[PDB]
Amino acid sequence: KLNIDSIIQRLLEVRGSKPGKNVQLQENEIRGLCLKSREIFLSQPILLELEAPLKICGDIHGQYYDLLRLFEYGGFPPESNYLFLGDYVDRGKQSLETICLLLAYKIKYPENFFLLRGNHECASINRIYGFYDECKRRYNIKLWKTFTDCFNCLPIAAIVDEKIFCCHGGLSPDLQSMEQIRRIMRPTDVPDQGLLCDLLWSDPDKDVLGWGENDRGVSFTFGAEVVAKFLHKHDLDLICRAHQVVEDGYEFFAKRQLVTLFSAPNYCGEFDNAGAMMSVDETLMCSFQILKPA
């Protein structure tokens, strides 16, 4: 029943327009995106094992016209393969269009386009930071619930070519084995502590070395020694995460053993930050494309 091509065409029709212009899909169409993407998310592993070549993006937060920007720099699907690290909704003004385009591409190109869960893909959080209000304002609360059901099935982490470990937040002191991630059962809401919480909420910290307390009031911080041991233990070369704004769009930590990516330029209209996108080529060489704020 679902006309994906037409949905994608209408979402892209506003390319070039000044930021703010809405796209108005029918409720039934959005509901269809959620239900069909949810089938796909559940049919694929919770810990994705992906291969290069690949583009990797961090937080978007409903900045739809920045998402379009990313695709014009990186290549509209299927010209490149994509992995997004979560935080698609909240704070920005066009979360619906952001998430709709992402889900549409996921349905169209399920083997070449991937979405991880971020900490905002949780109903207790996106109720407060804007997605609930955007849904209510534009459609209704029932549609917001349909999105939650779909968010609850997103995968949590990826390993790219057995060398790059990717997740929204970062590491967990509870993470002894990758099998622990593969055993996480979907759908689920994100608990307030534990492994799943930490993957979506933790942060690197330059002033600690081991594990520390996190100023967010949830989860932990980790230092360079945690990072080194994790990579040595699992025979990995790099951790790739998002979750924090970085002035330059990306930022290395711990002698380039971790990188933070952030893909929303001029975040909230408040910050003066650039957005970045990481390319991994077949040789596992990492490059960056930078989108300066306009």
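Note that residue numbering begins at 1 and tracks the sequence as displayed. By rigid core we mean the largest C-alpha set that fits within 1.5 Å across both forms.
- Superposing on the core and measuring CA offsets in 7 other deposited structures of this protein, the stretch of 183-191 and 153-161 with the greater mean deviation is 183-191.
- Relative to the displayed structure, the C-alphas of 192-200 lie farther away on average in 7 other deposited structures of this protein than those of the other candidate, with 192-200 and 217-225 compared after rigid core superposition.
- Once the C-alpha B-factors are averaged per stretch, 39-47 and 26-34 rank with 26-34 first.
- Look at the mean CA B-factor for 195-203 and for 142-150 in the entry; the higher one is 142-150.
- Out of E97, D189, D87, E134, it is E134 whose C-alpha atom has the highest B-factor in the PDB entry.
- Of the candidates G223, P78, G169, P155, the PDB record gives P78 the highest C-alpha temperature factor.
- Annotation for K255: C-alpha temperature factor in the highest third relative to the rest of the modelled chain, per the entry.
- Placement of the Cα temperature factor of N112 within the chain: lowest third of the modelled residues, per the deposited record.
- For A242, the recorded CA temperature factor ranks within the lowest third of the chain's modelled residues.
- Per the deposited record, the Cα B-factor of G217 falls in the highest third when ranked against the other modelled residues of its chain.
- Ranked by Cα temperature factor within the chain, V160 sits in the middle third according to the deposited record.
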